[PDB]
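Okay, protein_22.csv now, which holds CSV, N, CA and C atoms:
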```csv
chain,number,residue,atom,x,y,z
L,1043,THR,N,75.3,87.6,99.8
L,1043,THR,CA,75.9,86.3,99.6
L,1043,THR,C,74.8,85.3,99.6
L,1044,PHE,N,73.9,85.3,98.6
L,1044,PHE,CA,72.8,84.3,98.7
L,1044,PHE,C,73.2,82.9,98.2
L,1045,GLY,N,73.8,82.8,97.1
L,1045,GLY,CA,74.2,81.5,96.5
L,1045,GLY,C,75.5,80.9,97.1
L,1046,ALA,N,75.9,79.8,96.6
L,1046,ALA,CA,77.2,79.2,97.1
L,1046,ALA,C,78.4,80.1,96.8
L,1047,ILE,N,78.8,80.3,95.6
L,1047,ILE,CA,79.9,81.3,95.3
L,1047,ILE,C,79.2,82.6,94.8
L,1048,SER,N,79.0,83.6,95.6
L,1048,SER,CA,78.3,84.8,95.2
L,1048,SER,C,79.0,86.1,95.6
L,1049,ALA,N,80.2,86.4,95.0
L,1049,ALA,CA,80.8,87.7,95.3
L,1049,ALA,C,80.2,88.8,94.5
L,1050,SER,N,79.0,89.3,94.9
L,1050,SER,CA,78.2,90.3,94.1
L,1050,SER,C,77.7,89.6,92.8
L,1051,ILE,N,78.6,89.2,92.0
L,1051,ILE,CA,78.2,88.4,90.7
L,1051,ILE,C,79.1,87.2,90.8
L,1052,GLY,N,78.5,86.0,90.6
L,1052,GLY,CA,79.3,84.8,90.7
L,1052,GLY,C,80.6,84.7,89.9
L,1053,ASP,N,81.8,85.0,90.5
L,1053,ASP,CA,83.0,84.8,89.8
L,1053,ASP,C,83.0,85.4,88.4
L,1054,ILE,N,83.0,86.8,88.4
L,1054,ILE,CA,82.7,87.5,87.2
L,1054,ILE,C,83.5,87.0,86.0
L,1055,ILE,N,84.8,87.3,86.0
L,1055,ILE,CA,85.8,86.7,85.1
L,1055,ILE,C,86.9,86.2,86.0
L,1056,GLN,N,87.3,87.0,86.9
L,1056,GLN,CA,88.5,86.8,87.7
L,1056,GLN,C,88.4,85.6,88.7
L,1057,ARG,N,87.2,85.1,88.9
L,1057,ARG,CA,87.3,83.8,89.7
L,1057,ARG,C,86.9,82.6,89.0
L,1058,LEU,N,86.5,82.6,87.7
L,1058,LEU,CA,86.2,81.4,87.0
L,1058,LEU,C,86.1,81.7,85.5
L,1059,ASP,N,86.2,80.6,84.7
L,1059,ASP,CA,86.2,80.8,83.2
L,1059,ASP,C,84.7,80.8,82.7
L,1060,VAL,N,84.5,80.9,81.4
L,1060,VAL,CA,83.2,81.2,80.9
L,1060,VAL,C,82.3,80.1,81.0
L,1061,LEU,N,82.7,78.8,80.7
L,1061,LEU,CA,81.7,77.7,80.6
L,1061,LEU,C,81.1,77.3,81.9
L,1062,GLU,N,81.9,77.5,83.0
L,1062,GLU,CA,81.3,77.2,84.3
L,1062,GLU,C,80.8,78.4,85.0
L,1063,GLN,N,81.3,79.6,84.6
L,1063,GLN,CA,80.8,80.8,85.3
L,1063,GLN,C,79.4,81.0,84.8
L,1064,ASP,N,79.1,80.5,83.6
L,1064,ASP,CA,77.7,80.5,83.2
L,1064,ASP,C,76.8,79.8,84.2
L,1065,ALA,N,77.2,78.6,84.6
L,1065,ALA,CA,76.4,77.8,85.5
L,1065,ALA,C,76.3,78.5,86.9
L,1066,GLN,N,77.4,79.0,87.4
L,1066,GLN,CA,77.3,79.6,88.7
L,1066,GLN,C,76.5,80.9,88.7
L,1067,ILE,N,76.7,81.7,87.7
L,1067,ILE,CA,75.9,82.9,87.6
L,1067,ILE,C,74.5,82.5,87.4
L,1068,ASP,N,74.2,81.4,86.7
L,1068,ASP,CA,72.8,81.0,86.6
L,1068,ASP,C,72.2,80.6,87.9
L,1069,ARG,N,72.9,79.9,88.7
L,1069,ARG,CA,72.4,79.6,90.0
L,1069,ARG,C,72.0,80.9,90.8
L,1070,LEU,N,73.0,81.8,90.8
L,1070,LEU,CA,72.8,83.1,91.5
L,1070,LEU,C,71.6,83.8,90.9
L,1071,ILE,N,71.4,83.9,89.6
L,1071,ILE,CA,70.3,84.5,89.0
L,1071,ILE,C,69.0,83.9,89.5
L,1072,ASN,N,68.9,82.5,89.5
L,1072,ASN,CA,67.7,81.9,89.9
L,1072,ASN,C,67.3,82.2,91.3
L,1073,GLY,N,68.3,82.2,92.2
L,1073,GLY,CA,68.0,82.5,93.6
L,1073,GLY,C,67.6,83.9,93.8
L,1074,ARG,N,68.2,84.8,93.1
L,1074,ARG,CA,67.9,86.2,93.3
L,1074,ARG,C,66.5,86.6,92.7
L,1075,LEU,N,66.2,85.9,91.6
L,1075,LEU,CA,64.8,86.0,91.1
L,1075,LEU,C,63.8,85.5,92.1
L,1076,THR,N,64.1,84.3,92.7
L,1076,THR,CA,63.1,83.8,93.7
L,1076,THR,C,62.9,84.8,94.9
L,1077,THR,N,64.0,85.4,95.4
L,1077,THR,CA,63.9,86.4,96.4
L,1077,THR,C,63.0,87.5,96.0
L,1078,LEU,N,63.2,88.0,94.8
L,1078,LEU,CA,62.4,89.1,94.3
L,1078,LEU,C,60.9,88.8,94.1
L,1079,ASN,N,60.6,87.6,93.7
L,1079,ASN,CA,59.3,87.1,93.6
L,1079,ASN,C,58.6,87.1,95.0
L,1080,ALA,N,59.4,86.6,96.0
L,1080,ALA,CA,58.9,86.6,97.3
L,1080,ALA,C,58.6,88.0,97.8
L,1081,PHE,N,59.5,88.9,97.5
L,1081,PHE,CA,59.2,90.3,97.9
L,1081,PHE,C,58.0,90.9,97.3
L,1082,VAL,N,57.7,90.6,96.1
L,1082,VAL,CA,56.5,91.1,95.4
L,1082,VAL,C,55.3,90.5,96.1
L,1083,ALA,N,55.3,89.2,96.3
L,1083,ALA,CA,54.1,88.6,96.9
L,1083,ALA,C,53.8,89.2,98.3
L,1084,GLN,N,54.8,89.4,99.1
L,1084,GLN,CA,54.6,89.9,100.4
L,1084,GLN,C,54.1,91.4,100.4
L,1085,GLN,N,54.6,92.1,99.4
L,1085,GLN,CA,54.1,93.5,99.2
L,1085,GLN,C,52.7,93.5,98.8
L,1086,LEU,N,52.2,92.6,98.0
L,1086,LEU,CA,50.8,92.5,97.7
L,1086,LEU,C,50.0,92.2,99.0
L,1087,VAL,N,50.5,91.3,99.8
L,1087,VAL,CA,49.8,91.0,101.1
L,1087,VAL,C,49.6,92.3,101.9
L,1088,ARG,N,50.7,93.0,102.1
L,1088,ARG,CA,50.6,94.2,103.0
L,1088,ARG,C,49.7,95.2,102.3
L,1089,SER,N,49.7,95.3,101.0
L,1089,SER,CA,48.9,96.3,100.3
L,1089,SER,C,47.4,96.0,100.5
L,1090,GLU,N,47.1,94.7,100.4
L,1090,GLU,CA,45.7,94.4,100.6
L,1090,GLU,C,45.2,94.7,102.1
L,1091,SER,N,46.1,94.4,103.0
L,1091,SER,CA,45.7,94.7,104.4
L,1091,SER,C,45.6,96.2,104.6
L,1092,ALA,N,46.5,97.0,104.0
L,1092,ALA,CA,46.4,98.4,104.2
L,1092,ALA,C,45.1,99.0,103.5
V,597,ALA,N,97.6,104.5,89.3
V,597,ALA,CA,97.2,103.4,90.1
V,597,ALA,C,97.4,103.8,91.6
V,598,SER,N,97.6,105.1,91.9
V,598,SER,CA,97.7,105.6,93.3
V,598,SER,C,96.3,106.2,93.7
V,599,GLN,N,96.3,106.8,94.9
V,599,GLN,CA,95.0,107.5,95.3
V,599,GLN,C,95.0,108.9,94.7
V,600,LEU,N,95.1,109.1,93.4
V,600,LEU,CA,95.1,110.4,92.8
V,600,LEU,C,93.6,110.7,92.5
V,601,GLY,N,92.9,109.7,92.0
V,601,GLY,CA,91.4,109.9,91.7
V,601,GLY,C,90.6,109.2,92.8
V,602,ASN,N,89.7,109.9,93.5
V,602,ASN,CA,88.9,109.3,94.5
V,602,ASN,C,87.6,108.9,93.8
V,603,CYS,N,87.7,108.6,92.5
V,603,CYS,CA,86.5,108.3,91.6
V,603,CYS,C,86.0,106.9,91.8
V,604,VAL,N,85.1,106.4,90.9
V,604,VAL,CA,84.6,105.0,91.1
V,604,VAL,C,85.6,104.0,90.6
V,605,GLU,N,85.6,102.8,91.2
V,605,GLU,CA,86.4,101.6,90.8
V,605,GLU,C,87.8,101.6,91.6
V,606,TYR,N,88.4,100.4,91.7
V,606,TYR,CA,89.7,100.2,92.4
V,606,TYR,C,90.0,98.7,92.5
V,607,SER,N,91.2,98.4,93.0
V,607,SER,CA,91.5,96.9,93.3
V,607,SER,C,92.3,96.9,94.6
V,608,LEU,N,91.7,96.3,95.7
V,608,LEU,CA,92.4,96.2,97.0
V,608,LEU,C,93.4,95.0,96.9
V,609,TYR,N,94.3,94.9,97.9
V,609,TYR,CA,95.3,93.8,97.9
V,609,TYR,C,94.7,92.5,97.8
V,610,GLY,N,93.6,92.2,98.5
V,610,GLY,CA,92.9,90.9,98.5
V,610,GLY,C,91.6,90.8,97.8
V,611,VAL,N,91.0,92.0,97.5
V,611,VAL,CA,89.6,91.9,96.9
V,611,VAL,C,89.6,93.0,95.7
V,612,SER,N,88.7,92.8,94.8
V,612,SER,CA,88.5,93.8,93.7
V,612,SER,C,87.0,94.3,93.7
V,613,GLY,N,86.8,95.6,93.7
V,613,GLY,CA,85.4,96.1,93.7
V,613,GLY,C,85.3,97.5,93.2
V,614,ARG,N,84.1,98.0,92.8
V,614,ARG,CA,84.0,99.4,92.4
V,614,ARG,C,83.5,100.3,93.5
V,615,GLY,N,84.2,101.3,93.9
V,615,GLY,CA,83.8,102.2,95.1
V,615,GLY,C,84.3,103.6,95.0
V,616,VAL,N,83.7,104.5,95.8
V,616,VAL,CA,84.2,105.9,95.8
V,616,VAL,C,85.0,106.1,97.2
V,617,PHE,N,86.2,106.5,97.1
V,617,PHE,CA,87.0,106.6,98.4
V,617,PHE,C,87.2,108.0,98.9
V,618,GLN,N,87.3,108.2,100.2
V,618,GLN,CA,87.6,109.5,100.8
V,618,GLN,C,88.5,109.3,102.0
V,619,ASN,N,89.3,110.3,102.3
V,619,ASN,CA,90.1,110.3,103.6
V,619,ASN,C,89.1,110.6,104.7
V,620,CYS,N,88.7,109.6,105.4
V,620,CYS,CA,87.6,109.8,106.5
V,620,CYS,C,88.2,109.9,107.9
V,621,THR,N,87.6,109.2,108.9
V,621,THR,CA,88.1,109.4,110.3
V,621,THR,C,89.2,108.4,110.6
V,622,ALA,N,89.1,107.7,111.8
V,622,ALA,CA,90.2,106.8,112.2
V,622,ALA,C,89.7,105.4,112.6
V,623,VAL,N,88.5,105.0,112.2
V,623,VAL,CA,88.0,103.7,112.7
V,623,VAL,C,88.8,102.5,112.1
V,624,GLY,N,88.8,101.3,112.8
V,624,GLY,CA,89.5,100.2,112.3
V,624,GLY,C,90.7,99.9,113.2
V,625,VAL,N,91.1,98.6,113.4
V,625,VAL,CA,92.3,98.3,114.2
V,625,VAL,C,93.6,98.9,113.6
V,626,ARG,N,93.7,98.9,112.3
V,626,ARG,CA,94.9,99.4,111.5
V,626,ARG,C,95.9,98.3,111.5
V,627,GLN,N,95.5,97.1,112.0
V,627,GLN,CA,96.4,95.9,112.0
V,627,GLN,C,96.0,95.1,110.7
V,628,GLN,N,94.7,95.1,110.4
V,628,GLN,CA,94.3,94.4,109.2
V,628,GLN,C,93.8,95.4,108.2
V,629,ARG,N,94.2,95.3,106.9
V,629,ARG,CA,93.9,96.3,105.8
V,629,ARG,C,92.3,96.4,105.6
V,630,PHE,N,91.6,95.3,105.5
V,630,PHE,CA,90.2,95.3,105.2
V,630,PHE,C,89.3,95.3,106.4
V,631,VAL,N,88.5,96.4,106.6
V,631,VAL,CA,87.6,96.4,107.8
V,631,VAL,C,86.1,96.3,107.2
V,632,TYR,N,85.3,95.5,107.8
V,632,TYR,CA,83.9,95.3,107.2
V,632,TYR,C,82.8,95.9,108.1
V,633,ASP,N,81.6,95.7,107.7
V,633,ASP,CA,80.4,96.2,108.5
V,633,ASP,C,79.3,95.2,108.5
V,634,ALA,N,79.4,94.2,109.4
V,634,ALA,CA,78.3,93.4,109.8
V,634,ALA,C,77.6,92.6,108.6
V,635,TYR,N,78.2,92.7,107.4
V,635,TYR,CA,77.7,92.0,106.2
V,635,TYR,C,78.9,91.5,105.4
V,636,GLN,N,78.6,91.2,104.2
V,636,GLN,CA,79.6,90.8,103.2
V,636,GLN,C,80.7,91.8,102.9
V,637,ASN,N,80.3,93.1,102.8
V,637,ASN,CA,81.2,94.1,102.1
V,637,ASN,C,82.1,94.7,103.1
V,638,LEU,N,82.9,95.6,102.5
V,638,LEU,CA,83.8,96.4,103.4
V,638,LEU,C,83.5,97.9,103.2
V,639,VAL,N,83.2,98.6,104.3
V,639,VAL,CA,83.1,100.1,104.2
V,639,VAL,C,84.6,100.4,104.6
V,640,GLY,N,85.4,99.4,104.4
V,640,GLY,CA,86.8,99.5,104.9
V,640,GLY,C,87.7,100.3,104.1
V,641,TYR,N,89.0,100.5,104.5
V,641,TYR,CA,89.8,101.5,103.8
V,641,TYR,C,90.9,100.9,102.9
V,642,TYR,N,91.4,101.7,102.0
V,642,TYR,CA,92.5,101.3,101.0
V,642,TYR,C,93.6,100.8,101.9
V,643,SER,N,94.0,101.4,103.0
V,643,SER,CA,95.1,101.0,103.8
V,643,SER,C,96.4,101.0,103.0
V,644,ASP,N,96.5,102.0,102.0
V,644,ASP,CA,97.6,102.0,101.1
V,644,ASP,C,98.7,102.9,101.7
V,645,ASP,N,99.9,102.4,101.8
V,645,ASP,CA,101.0,103.3,102.3
V,645,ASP,C,100.7,103.8,103.7
```
What's the structure tokens form of this structure?
Amino acid sequence: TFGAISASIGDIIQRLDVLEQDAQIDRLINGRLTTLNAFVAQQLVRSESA
Amino acid sequence: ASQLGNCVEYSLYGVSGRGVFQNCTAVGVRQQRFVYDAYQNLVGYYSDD
């Protein structure tokens, strides 16, 4: 539950219609990409130290 | 729409998710249908019938 409305995928169909589910899924995508970028950077740090 | 297939996918009374079900042990109060585990999701039971 990273974003505001994030039930696995933001309101897939059953919680919202298309034109705004686009926006909420987009928020969730952006946040989940940021998390994955952070994960890669920290893996690089530990790999250098190792 | 009954527990004939313990295959992937299902819809609970309050939530809808894809999952594989089995008749397991006896954990849970049995007073509430959905039991969770320390996070968002439910390793909880169908609690059907």
field: residue 606 in chain V environment, 5 Å, all atoms listed in the file, sequence neighbours closer than 4 positions dropped, as a list in words
entry: residues 613, 614 and 615 of chain V
The selected residues should be written to file as a PDB file, keeping the file's coordinate frame (atoms: N, CA and C atoms).
```pdb
ATOM      1  N   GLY V 613      86.800  95.600  93.700  1.00  0.00           N
ATOM      2  CA  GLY V 613      85.400  96.100  93.700  1.00  0.00           C
ATOM      3  C   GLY V 613      85.300  97.500  93.200  1.00  0.00           C
ATOM      4  N   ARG V 614      84.100  98.000  92.800  1.00  0.00           N
ATOM      5  CA  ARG V 614      84.000  99.400  92.400  1.00  0.00           C
ATOM      6  C   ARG V 614      83.500 100.300  93.500  1.00  0.00           C
ATOM      7  N   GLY V 615      84.200 101.300  93.900  1.00  0.00           N
ATOM      8  CA  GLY V 615      83.800 102.200  95.100  1.00  0.00           C
ATOM      9  C   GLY V 615      84.300 103.600  95.000  1.00  0.00           C
TER      10      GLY V 615
END
```
Return as AutoDock Vina command-line options the box centre and box size in Å, one decimal, for an axis-aligned box around all listed atoms of range 1071-1089 of chain L padded by 6 Å per side.
```
--center_x 59.4 --center_y 89.1 --center_z 96.0 --size_x 36.0 --size_y 26.4 --size_z 26.0
```
task: For residue 630 in chain V, work out the shell of residues within 12 Å, counting only C-alpha atoms and skipping chain neighbours fewer than 6 positions away, then give it as a list in words.
output: residues 608, 609, 610, 611, 612, 623, 624, 636, 637, 638, 639, 640, 641, 642, 643 and 644 of chain V
message: Given only N, CA and C atoms as the basis, pick out the residue of L:1068, L:1085, L:1054, L:1043 nearest to chain V.
response: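 Going through L:1068, L:1085, L:1054, L:1043 one by one, the smallest distance to chain V is for L:1043.
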Counting all atoms listed in the file, note down every residue that has an atom within 7 Å of the point (72.3, 85.7, 93.5) (file coordinates), as a PDB file with N, CA and C atoms, in the coordinates of the input.
```
ATOM      1  N   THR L1043      75.300  87.600  99.800  1.00  0.00           N
ATOM      2  CA  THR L1043      75.900  86.300  99.600  1.00  0.00           C
ATOM      3  C   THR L1043      74.800  85.300  99.600  1.00  0.00           C
ATOM      4  N   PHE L1044      73.900  85.300  98.600  1.00  0.00           N
ATOM      5  CA  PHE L1044      72.800  84.300  98.700  1.00  0.00           C
ATOM      6  C   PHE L1044      73.200  82.900  98.200  1.00  0.00           C
ATOM      7  N   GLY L1045      73.800  82.800  97.100  1.00  0.00           N
ATOM      8  CA  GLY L1045      74.200  81.500  96.500  1.00  0.00           C
ATOM      9  C   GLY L1045      75.500  80.900  97.100  1.00  0.00           C
ATOM     10  N   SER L1048      79.000  83.600  95.600  1.00  0.00           N
ATOM     11  CA  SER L1048      78.300  84.800  95.200  1.00  0.00           C
ATOM     12  C   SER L1048      79.000  86.100  95.600  1.00  0.00           C
ATOM     13  N   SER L1050      79.000  89.300  94.900  1.00  0.00           N
ATOM     14  CA  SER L1050      78.200  90.300  94.100  1.00  0.00           C
ATOM     15  C   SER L1050      77.700  89.600  92.800  1.00  0.00           C
ATOM     16  N   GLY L1052      78.500  86.000  90.600  1.00  0.00           N
ATOM     17  CA  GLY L1052      79.300  84.800  90.700  1.00  0.00           C
ATOM     18  C   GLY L1052      80.600  84.700  89.900  1.00  0.00           C
ATOM     19  N   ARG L1069      72.900  79.900  88.700  1.00  0.00           N
ATOM     20  CA  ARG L1069      72.400  79.600  90.000  1.00  0.00           C
ATOM     21  C   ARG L1069      72.000  80.900  90.800  1.00  0.00           C
ATOM     22  N   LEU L1070      73.000  81.800  90.800  1.00  0.00           N
ATOM     23  CA  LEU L1070      72.800  83.100  91.500  1.00  0.00           C
ATOM     24  C   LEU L1070      71.600  83.800  90.900  1.00  0.00           C
ATOM     25  N   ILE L1071      71.400  83.900  89.600  1.00  0.00           N
ATOM     26  CA  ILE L1071      70.300  84.500  89.000  1.00  0.00           C
ATOM     27  C   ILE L1071      69.000  83.900  89.500  1.00  0.00           C
ATOM     28  N   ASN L1072      68.900  82.500  89.500  1.00  0.00           N
ATOM     29  CA  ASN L1072      67.700  81.900  89.900  1.00  0.00           C
ATOM     30  C   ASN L1072      67.300  82.200  91.300  1.00  0.00           C
ATOM     31  N   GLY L1073      68.300  82.200  92.200  1.00  0.00           N
ATOM     32  CA  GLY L1073      68.000  82.500  93.600  1.00  0.00           C
ATOM     33  C   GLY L1073      67.600  83.900  93.800  1.00  0.00           C
ATOM     34  N   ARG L1074      68.200  84.800  93.100  1.00  0.00           N
ATOM     35  CA  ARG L1074      67.900  86.200  93.300  1.00  0.00           C
ATOM     36  C   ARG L1074      66.500  86.600  92.700  1.00  0.00           C
ATOM     37  N   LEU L1075      66.200  85.900  91.600  1.00  0.00           N
ATOM     38  CA  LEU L1075      64.800  86.000  91.100  1.00  0.00           C
ATOM     39  C   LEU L1075      63.800  85.500  92.100  1.00  0.00           C
TER      40      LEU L1075
END
```
task: Place a sphere of radius 8 Å on (86.4, 109.1, 91.9) in the file coordinates and name every protein, DNA or RNA residue with an atom inside or on its surface, counting all atoms listed in the file; give the answer as JSON, numbers by chain.
output: {"V": [600, 601, 602, 603, 604, 605, 615, 616, 617]}
Write out the residues from the selection above, keeping N, CA and C atoms, as a PDB file, in the coordinates of the input.
```pdb
ATOM      1  N   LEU V 600      95.100 109.100  93.400  1.00  0.00           N
ATOM      2  CA  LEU V 600      95.100 110.400  92.800  1.00  0.00           C
ATOM      3  C   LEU V 600      93.600 110.700  92.500  1.00  0.00           C
ATOM      4  N   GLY V 601      92.900 109.700  92.000  1.00  0.00           N
ATOM      5  CA  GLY V 601      91.400 109.900  91.700  1.00  0.00           C
ATOM      6  C   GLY V 601      90.600 109.200  92.800  1.00  0.00           C
ATOM      7  N   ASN V 602      89.700 109.900  93.500  1.00  0.00           N
ATOM      8  CA  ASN V 602      88.900 109.300  94.500  1.00  0.00           C
ATOM      9  C   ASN V 602      87.600 108.900  93.800  1.00  0.00           C
ATOM     10  N   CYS V 603      87.700 108.600  92.500  1.00  0.00           N
ATOM     11  CA  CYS V 603      86.500 108.300  91.600  1.00  0.00           C
ATOM     12  C   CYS V 603      86.000 106.900  91.800  1.00  0.00           C
ATOM     13  N   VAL V 604      85.100 106.400  90.900  1.00  0.00           N
ATOM     14  CA  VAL V 604      84.600 105.000  91.100  1.00  0.00           C
ATOM     15  C   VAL V 604      85.600 104.000  90.600  1.00  0.00           C
ATOM     16  N   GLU V 605      85.600 102.800  91.200  1.00  0.00           N
ATOM     17  CA  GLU V 605      86.400 101.600  90.800  1.00  0.00           C
ATOM     18  C   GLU V 605      87.800 101.600  91.600  1.00  0.00           C
ATOM     19  N   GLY V 615      84.200 101.300  93.900  1.00  0.00           N
ATOM     20  CA  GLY V 615      83.800 102.200  95.100  1.00  0.00           C
ATOM     21  C   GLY V 615      84.300 103.600  95.000  1.00  0.00           C
ATOM     22  N   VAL V 616      83.700 104.500  95.800  1.00  0.00           N
ATOM     23  CA  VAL V 616      84.200 105.900  95.800  1.00  0.00           C
ATOM     24  C   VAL V 616      85.000 106.100  97.200  1.00  0.00           C
ATOM     25  N   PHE V 617      86.200 106.500  97.100  1.00  0.00           N
ATOM     26  CA  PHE V 617      87.000 106.600  98.400  1.00  0.00           C
ATOM     27  C   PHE V 617      87.200 108.000  98.900  1.00  0.00           C
TER      28      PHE V 617
END
```
message: Please report the interatomic distance between CA of residue 1092 in chain L and atom C of residue 1080 in chain L in Å with one decimal.
response: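 Between these atoms lies a distance of 17.3 Å.
For the pair atom N of residue 1047 in chain L and CA of residue 607 in chain V, the separation is 21.0 Å.
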- prompt: CA of residue 632 in chain V and atom N of residue 1053 in chain L are how many Å apart?
  reply: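 It comes out at 19.7 Å.
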As a compact mmCIF listing (two decimals) with N, CA and C atoms, in the frame of the given file, please: every residue in chain L that DSSP puts in helix (DSSP H, G or I).
```txt
# COMPACT_ATOMS: atom_id res chain seq x y z
N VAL L 1060 84.50 80.90 81.40
CA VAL L 1060 83.20 81.20 80.90
C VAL L 1060 82.30 80.10 81.00
N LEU L 1061 82.70 78.80 80.70
CA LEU L 1061 81.70 77.70 80.60
C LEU L 1061 81.10 77.30 81.90
N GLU L 1062 81.90 77.50 83.00
CA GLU L 1062 81.30 77.20 84.30
C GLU L 1062 80.80 78.40 85.00
N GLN L 1063 81.30 79.60 84.60
CA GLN L 1063 80.80 80.80 85.30
C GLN L 1063 79.40 81.00 84.80
N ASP L 1064 79.10 80.50 83.60
CA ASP L 1064 77.70 80.50 83.20
C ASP L 1064 76.80 79.80 84.20
N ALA L 1065 77.20 78.60 84.60
CA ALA L 1065 76.40 77.80 85.50
C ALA L 1065 76.30 78.50 86.90
N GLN L 1066 77.40 79.00 87.40
CA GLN L 1066 77.30 79.60 88.70
C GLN L 1066 76.50 80.90 88.70
N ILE L 1067 76.70 81.70 87.70
CA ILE L 1067 75.90 82.90 87.60
C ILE L 1067 74.50 82.50 87.40
N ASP L 1068 74.20 81.40 86.70
CA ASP L 1068 72.80 81.00 86.60
C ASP L 1068 72.20 80.60 87.90
N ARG L 1069 72.90 79.90 88.70
CA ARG L 1069 72.40 79.60 90.00
C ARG L 1069 72.00 80.90 90.80
N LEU L 1070 73.00 81.80 90.80
CA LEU L 1070 72.80 83.10 91.50
C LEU L 1070 71.60 83.80 90.90
N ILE L 1071 71.40 83.90 89.60
CA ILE L 1071 70.30 84.50 89.00
C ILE L 1071 69.00 83.90 89.50
N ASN L 1072 68.90 82.50 89.50
CA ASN L 1072 67.70 81.90 89.90
C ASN L 1072 67.30 82.20 91.30
N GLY L 1073 68.30 82.20 92.20
CA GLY L 1073 68.00 82.50 93.60
C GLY L 1073 67.60 83.90 93.80
N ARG L 1074 68.20 84.80 93.10
CA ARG L 1074 67.90 86.20 93.30
C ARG L 1074 66.50 86.60 92.70
N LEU L 1075 66.20 85.90 91.60
CA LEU L 1075 64.80 86.00 91.10
C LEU L 1075 63.80 85.50 92.10
N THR L 1076 64.10 84.30 92.70
CA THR L 1076 63.10 83.80 93.70
C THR L 1076 62.90 84.80 94.90
N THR L 1077 64.00 85.40 95.40
CA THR L 1077 63.90 86.40 96.40
C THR L 1077 63.00 87.50 96.00
N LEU L 1078 63.20 88.00 94.80
CA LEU L 1078 62.40 89.10 94.30
C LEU L 1078 60.90 88.80 94.10
N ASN L 1079 60.60 87.60 93.70
CA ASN L 1079 59.30 87.10 93.60
C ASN L 1079 58.60 87.10 95.00
N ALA L 1080 59.40 86.60 96.00
CA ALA L 1080 58.90 86.60 97.30
C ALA L 1080 58.60 88.00 97.80
N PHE L 1081 59.50 88.90 97.50
CA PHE L 1081 59.20 90.30 97.90
C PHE L 1081 58.00 90.90 97.30
N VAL L 1082 57.70 90.60 96.10
CA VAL L 1082 56.50 91.10 95.40
C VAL L 1082 55.30 90.50 96.10
N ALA L 1083 55.30 89.20 96.30
CA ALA L 1083 54.10 88.60 96.90
C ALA L 1083 53.80 89.20 98.30
N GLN L 1084 54.80 89.40 99.10
CA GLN L 1084 54.60 89.90 100.40
C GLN L 1084 54.10 91.40 100.40
N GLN L 1085 54.60 92.10 99.40
CA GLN L 1085 54.10 93.50 99.20
C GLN L 1085 52.70 93.50 98.80
N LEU L 1086 52.20 92.60 98.00
CA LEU L 1086 50.80 92.50 97.70
C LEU L 1086 50.00 92.20 99.00
N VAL L 1087 50.50 91.30 99.80
CA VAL L 1087 49.80 91.00 101.10
C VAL L 1087 49.60 92.30 101.90
N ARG L 1088 50.70 93.00 102.10
CA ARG L 1088 50.60 94.20 103.00
C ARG L 1088 49.70 95.20 102.30
N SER L 1089 49.70 95.30 101.00
CA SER L 1089 48.90 96.30 100.30
C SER L 1089 47.40 96.00 100.50
N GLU L 1090 47.10 94.70 100.40
CA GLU L 1090 45.70 94.40 100.60
C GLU L 1090 45.20 94.70 102.10
N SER L 1091 46.10 94.40 103.00
CA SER L 1091 45.70 94.70 104.40
C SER L 1091 45.60 96.20 104.60
```
